[PDB]
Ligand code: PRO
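This document opens with one chain alone, in structure tokens, the form deposited without ligand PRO.
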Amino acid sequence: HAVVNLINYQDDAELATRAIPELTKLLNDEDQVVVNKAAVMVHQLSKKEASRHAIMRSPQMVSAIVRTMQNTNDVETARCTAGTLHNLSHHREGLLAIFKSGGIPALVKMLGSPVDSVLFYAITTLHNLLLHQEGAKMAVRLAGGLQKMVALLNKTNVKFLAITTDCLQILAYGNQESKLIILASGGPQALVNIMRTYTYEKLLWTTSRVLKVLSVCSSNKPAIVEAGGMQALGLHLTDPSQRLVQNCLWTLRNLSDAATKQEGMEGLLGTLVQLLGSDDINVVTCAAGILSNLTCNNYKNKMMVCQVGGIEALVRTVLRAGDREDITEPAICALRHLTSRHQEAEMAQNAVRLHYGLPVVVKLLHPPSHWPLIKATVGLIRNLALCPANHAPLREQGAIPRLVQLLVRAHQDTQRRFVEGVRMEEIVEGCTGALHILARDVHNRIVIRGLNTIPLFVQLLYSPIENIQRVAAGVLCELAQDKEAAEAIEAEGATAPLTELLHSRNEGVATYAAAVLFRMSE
């Protein structure tokens, strides 16, 4: 080791004093053939690790290398110079030298080269810089590297694409402006194309990471969806790579709220229902979330999910989930969506009961459940109540007194001269709406009136919010068909507000009001 140390020390001196300063002068020559030949020598020297320090520790040399690469018209020269900079980019010292020498803007310019060797040296060197040189990200952006990188996504070398996409991820993360530039360059379509074209796992992985970063952008999101992003990411949900599956899921979830109008979602929906049964908590959480958004106001999606056994799968997810609200809220929201406004809605309402889900569903209304989950669960119970067969079991699970409790608390909390992201006014409408439907049953009506709810329901007739006025009038309409209830409602002084509601632009409100009035007069 002492021999090599001595020999290297001597050679380093010869380089720093003779070779390097000489080659720098030749790179600056007017004769391009001299520059070319000199560039070759510099490149050959860069291949030997021990010779690199002599090269990088000379700002004049580095600057000459960069300037030559960026200005040359000789392919071989561009190749040698880029290759040299790459050889010097393996450590902090070299990276800093390339950076200070203005290598970034030159390396970015090389991204416009038609020669693979140059592009490969350029992208890997920029990647090294992007990974370790502070200030590299801003310089690459300023030099317009994003635009050049996106334009290169049409290339076919999968290893090259993997590095190129990763540079985009590094440059785009947490930088809204970089995401818009990528969008403006047509990044979404180009990224989606890769996902449905290549099988190279490392590329799919790096590409899925860029899509995830862009999926939280309100501009890129719809672009990704329109480009077929959902279907494309769905293609890899069963791929052996867990990191890929999870990145595809996170991305799909972020995009999900803007994909409710997409067609060709059959395969995706079917796979998500299957994933609901995964042992992986992060997978189940994303599957539930994506399904909730995809079933939202899309009867076709609701129909497909039910047809692949989505009701049974979601109930099972809720049953084994316990207190994990990250899973229960979206799963319950999905069940809520599936139990209303579609051809199989009625069948889904019964299926929840037939799959032994009623007890756990009513249980979620109680502590430690938080407002988001409670609101969703009240919505689901409201839909389940549409099914006569669910009238008795729901009452037997104590749903009525719990709904009344939530209603009282939510309403009193609205008194004044957002709780856990939920407005108490939403809970008031929701619980009263659920009670209105459950009140279609005679035994339930008795339970409801026995909880002394009439004074509250009458008070709700005065609410500024007409949606609340509607459900209050409605539940009173159901209860009023009972003599004692009708008289009690009258005693509460409900005649005045109900008469006023007769003029309501809302037909439902007007009809319910009249119904209650007729019942009282009789």
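Whichever C-alpha set is largest while still superposing within 1.5 Å between the two forms counts as the rigid core. The numbering used is simple: start at 1 and walk along the sequence shown.
Modelled in this chain, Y356 is likewise resolved in all the other entries of the protein that span it on both sides, not missing from even a third of them. In the other compared entries of this protein that model both flanking residues, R92 has coordinates in every one, well short of a third left out. Deposited sequence between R417 and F418: 4 to 9 residues lack coordinates.
Between the stretches 183 to 191 and 90 to 98, it is 90 to 98 that shows the larger average CA temperature factor. In this entry, 240 to 248 has the higher mean Cα B-factor, the comparison being between 240 to 248 and 383 to 391.
Of the residues listed, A473, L456, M41, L479, the entry assigns the biggest Cα temperature factor to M41. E429 sits in the lowest third of its chain by CA B factor, as recorded in the PDB entry. In this PDB entry, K159 carries a Cα temperature factor that places it within the middle third of its chain's modelled residues. The entry lists a Cα temperature factor for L107 that places it in the middle third of the chain's modelled residues. Among the modelled residues of its chain, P114 has a C-alpha B-factor that falls in the highest third, as given in the PDB entry. Sort the modelled residues of the chain by CA B factor and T77 lands in the highest third.
What follows is about the form solved in complex with ligand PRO, which we do not show.
For ligand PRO in the entry with it bound, the listed stretch (67 to 75, 370 to 378, 105 to 113, 312 to 320) containing residues with heavy atoms inside 4.5 Å is 370 to 378. Here is the short version: of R243, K363, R324, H91, the single residue with a heavy atom within 4.5 Å of ligand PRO in the entry with it bound is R324. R402 is the sole member of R395, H355, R402, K148 with a non-hydrogen atom within 4.5 Å of ligand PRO in the entry with it bound. Shown alone here, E420 lies within 4.5 Å of ligand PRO in the entry with it bound, counting heavy atoms only. Proximity of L294 to ligand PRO in the entry with it bound: non-hydrogen atoms within 4.5 Å are absent; the residue sits far from the partner. Contact check for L406: a heavy atom falls within 4.5 Å of ligand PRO in the entry with it bound. The Cα shift for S504 between the shown form and the other one, taken after rigid core superposition, is smaller than 2 angstroms. Relative to the superposed core, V34 undergoes a Cα shift of 2 Å or more between the shown form and the other one.
For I468, the Cα coordinates differ by under 2 angstroms between the shown form and the other one after the core has been superposed.
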